[PDB]
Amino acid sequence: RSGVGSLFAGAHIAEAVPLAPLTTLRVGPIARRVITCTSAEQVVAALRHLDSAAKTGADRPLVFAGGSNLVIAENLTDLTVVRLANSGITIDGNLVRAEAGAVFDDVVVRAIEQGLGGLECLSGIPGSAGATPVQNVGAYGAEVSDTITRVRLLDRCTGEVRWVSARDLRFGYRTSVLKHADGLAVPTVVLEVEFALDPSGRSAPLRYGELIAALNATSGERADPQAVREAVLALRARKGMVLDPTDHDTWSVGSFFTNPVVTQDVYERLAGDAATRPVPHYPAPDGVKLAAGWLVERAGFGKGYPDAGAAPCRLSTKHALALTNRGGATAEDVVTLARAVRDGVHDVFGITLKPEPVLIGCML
């Protein structure tokens, strides 16, 4: 059938591979082996062999795609990496299907240019399509759970491949069943994602105040998707949230923390504690969602922190939530600064912020 003569059905194998340059953060160990898969058959056959042979706590493989949400400890000297390069975008009426290794922003653009609305708010988010369901990737008032119909999944332990519905993924705010406290584990691999979009050519309803203002629209109004993408790309540039290899503010894994959901009591206390001398909140179904960025800034961790020095890890000069590599950072530098922001916001507010990126061999 498929690459029968070769190991892993034809996947590329390389040894002693610096992972740092493959990551947006530019942090990482030299991987002992990298196995690069360009098809679903390769991803399945590669993991089957590695999962069948893996015996010890040093042998679980790191599944790696765009490298935009990974903080990988430099200590990990005995690491095998499976790299998902199985790309491919199909248009099927108002449906768009993207293999895991497609570049997510590419899916957005293809969708917009078919006159299909629904992804435009997610323009400029880096990384792969296959990663999007894992944490229900979102920005600017949209999330991929607003349009995903189903996901093609490899269950690594049984070797079964099937399609799973959006409903069975149990999407919530920055979560799904695929999201695990441990980001190495990845017992289930996304091979392909399908989205169902709006063939009338209208964007999703605009649900995010900064974007709405920028287009001179009102809340829940629909607009031209391309115009929405252009505004979103401008909003993201201002925050250093579009990759730009000459700008260190962009040497990140984006926002380092999820917006926390607090009980209505704790929102009203802060609403009071700041009524002397207006507290950002977003609607959410089981409490109030607070802006992590407003919390981080109020606890003293502003844009550029720490300001004095040549700190190798700073918070972005354009967006306080993003940790950045200024040139020579290590994983521990990133974890250290993140811990302090996290500890600091708890000292002030009594809110524990959860990290949004995936920390391999490091914890907070």
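Residue indices: 1-based, along the sequence shown.
Gap between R277 and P278: 1 to 3 deposited residues without coordinates.
Higher mean CA temperature factor, per the PDB entry, when comparing 261-269 with 147-155: 261-269. Higher mean CA temperature factor between 304-312 and 58-66: 304-312, per the PDB entry. Taking the deposited Cα B-factors for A166, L233, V107, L184, the highest one is held by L184. Among all modelled residues in this chain, the alpha-carbon of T80 has a temperature factor (C-alpha) in the middle third. Annotation for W251: CA B-factor lies in the middle third of the chain's modelled residues. Ranked against the other modelled residues of its chain, the C-alpha B-factor of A40 as given in the entry falls in the middle third. The entry lists a Cα temperature factor for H281 that places it in the highest third of the chain's modelled residues.
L211 sits in the middle third of its chain by CA B factor, as recorded in the PDB entry.
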